[PDB]
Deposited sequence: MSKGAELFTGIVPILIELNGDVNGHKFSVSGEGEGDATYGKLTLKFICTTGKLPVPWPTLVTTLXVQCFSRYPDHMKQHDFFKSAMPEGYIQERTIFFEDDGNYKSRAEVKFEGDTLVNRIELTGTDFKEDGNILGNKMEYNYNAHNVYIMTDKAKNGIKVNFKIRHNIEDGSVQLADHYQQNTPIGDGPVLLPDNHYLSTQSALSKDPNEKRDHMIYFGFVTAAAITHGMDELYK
């Protein structure tokens, strides 16, 4: 696509999230850069309202898949870049196992030379004693496969995956993601074959940063599906 031409170099990124989870109102700002040729993201996030009232890991998926590396033989399936620079709407519902849910709507598009992700997020039905409002999640992240299919009715895509959140008691809590993306513009987009994004992450800190923050490193490459979205127990 022509959109993909915008991603051949290092692209500056800006992220803004306004959030309200169970009446706890917070804001996050983020900045960094993307390197789609290698599938790399480097982002720093600050909670501008003080202490984040939820765990940083719960916001990782919400806080720019246009920066995934699509191998040459898969370039025809890169919806995300094809929708640029006008952008796409990315909407999710995320169900936290035995707890509440997040709903998000984001606009991802170029504003000048910067790729900008602007998000509204609402969370409801959380337990005050749960892993989210109780802030019982470890500060870490795992590898996930993110499954993408065409959604023809919307000239876009539907995306599904489960995130595994490691909890401080040794358990793991799944966050079931239902995602949809639609072009903002009227130009042509690439409607992809069913495939997935191999996504790997690490959350870090700057020990000299006193503000509540998250340093996020992402590594993402598109690949052909070899199994289903859920874990096979055999």
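Unmodelled segments of the deposited chain, in sequence order: 1, 65.
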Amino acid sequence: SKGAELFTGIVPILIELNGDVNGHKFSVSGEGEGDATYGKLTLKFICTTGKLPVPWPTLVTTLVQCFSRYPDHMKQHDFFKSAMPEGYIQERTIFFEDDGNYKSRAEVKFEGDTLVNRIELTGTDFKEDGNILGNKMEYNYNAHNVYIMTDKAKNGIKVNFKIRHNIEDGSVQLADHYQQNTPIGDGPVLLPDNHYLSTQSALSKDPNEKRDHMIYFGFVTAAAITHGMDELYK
From here on, numbers count along this sequence of modelled residues.
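Relative to its counterpart among 215 to 223 and 15 to 23, 15 to 23 has the higher mean temperature factor, C-alpha atoms as listed in the PDB entry.
In this entry, 186 to 194 shows the higher mean Cα temperature factor of the pair 186 to 194 and 54 to 62. Remark: of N155, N160, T93, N140, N155 shows the highest value [criterion: C-alpha B-factor in the PDB entry].
Reading the B-factor column for the CA atoms of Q173, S68, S29, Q180 in the entry, the top value corresponds to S29. When all modelled residues of the chain are sorted by CA temperature factor, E168 is found within the lowest third.
Sorting the modelled residues of the chain by their CA temperature factor places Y88 in the middle third.
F110 sits in the highest third of its chain by CA B factor, as recorded in the PDB entry. In the deposited entry, the Cα temperature factor of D151 sits in the bottom third of values across the chain's modelled residues. Sort the modelled residues of the chain by CA B factor and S104 lands in the lowest third.
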